Every structure is written in C-alpha cells, then in structure tokens.
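Just below is one structure, and these are the notes that go with it.
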Ligand SMILES: CCCCNC(=O)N1CCN(C(=O)c2cccs2)CC1
C-alpha cells in the first residue's frame, strides 16, 4: 500500500470522526481568553481541531507526522492548564487522545512505509 499521498484523506476522515465525538467539544475551536484570561500565561502555543483541519485543507502539512504533532499539542495544552487529574475537560482530552492514537498509528506506518518504498533503489 505505497501511496505517498493517502495520509491526507485518511486524516480528513479521522478529523470528521473526532468532530462527531462529544469528547471533542472543548477542543473544536481556539480557547476563549474572556473565560480563561490567564490561559496565555500558562500556554505558549494554543492549538485546536479547527486550526488543524484548516492547516490540512490549506495544503500546509507536508506529512502526517506534522499533523500528529499539532493534535498532540491540543492534549498537552489541556494537561498543562488542568488544576486536577479529576477535571471534566482533562478527562475528555484523555479519552479523545486514546481514540486519536488508536486511529493515527496505521496512517503513520503506511506513510513511512510508502516513503521507504519510494527510496528503495
Ligand atoms: C470556545 C469554546 C470552548 C473553547 N475551549 C475552552 O474554552 N477550553 C478547552 C481547553 N481548556 C482546557 O483544556 C481546560 C480547562 C479546564 C481544565 S483543562 C480550556 C477551556
């Protein structure tokens, strides 16, 4: 399965599934500072799923590794902003992360295999 471009539609598909998940609701749009005015004192680089989807559709990811780095930043930002492990929004981030990781693993493997096949000779 050596299609070097297949990861893009696979990532679009996976973002559609993440948008259907009720657990994505807090992460679907950039954090609002009016409710969280301290947010940028804690978080250096905000990230959200709408920004990831727009970056993909603009043609501004070169690989699924780059997309994966931004999605992982959504989750590390939640983990750094939470005052406790027993946070509703943090617990939503941890279920959504498990779902994402379960689905992205084949996307990454197939892409990396395709690149290795391209440079086989
Ligand atoms: C505009 C619609 C929602 C935008 N998101 C939003 O406001 N937040 C989700 C991300 N976040 C957190 O990860 C945590 C809050 C408490 C524990 S972690 C801060 C709040």
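Residue numbers (the deposited numbering): 1315 to 1435.
Using N, Cα and C, we set each Cβ at its ideal position, and we do this for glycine too.
Q: Confirm, please, whether the CB-CB distance from residue 1341 to residue 1362 is below 7 Å.
A: In the chain shown, counting from the first residue as 1, residue 1362 sits at position 48. In the chain shown, counting from the first residue as 1, residue 1341 sits at position 27. Result yes, Cβ atoms of residue 1362 and residue 1341 sit closer than 7 Å.
Q. For the stretch 1362-1371 against the stretch 1315-1332, are there 3 or more C-beta pairs whose distance is under 8 Å?
A. yes
Q: Using only the heavy atoms of ligand 1, determine whether one of them is closer than 6 Å to the beta carbon of residue 1343.
A: In the chain shown, the residue the question calls residue 1343 occupies position 29. Inclusion of residue 1343 in the 6 Å shell around ligand 1 follows from its C-beta lying nearer than that to a non-hydrogen atom of the ligand.
Q) What residue from 1356, 1352, 1360 has the CA that sits closest to residue 1344's CA? A) Against the chain shown, residue 1344 aligns to sequence position 30. Considering only alpha carbons, the answer is 1360.
Q.
I'd like to check one pair, residue 1392 with residue 1407: are the Cβ atoms closer than 7 Å?
A. One-based indexing of the chain shown puts residue 1407 at position 93. One-based indexing of the chain shown puts residue 1392 at position 78. Contact: yes.
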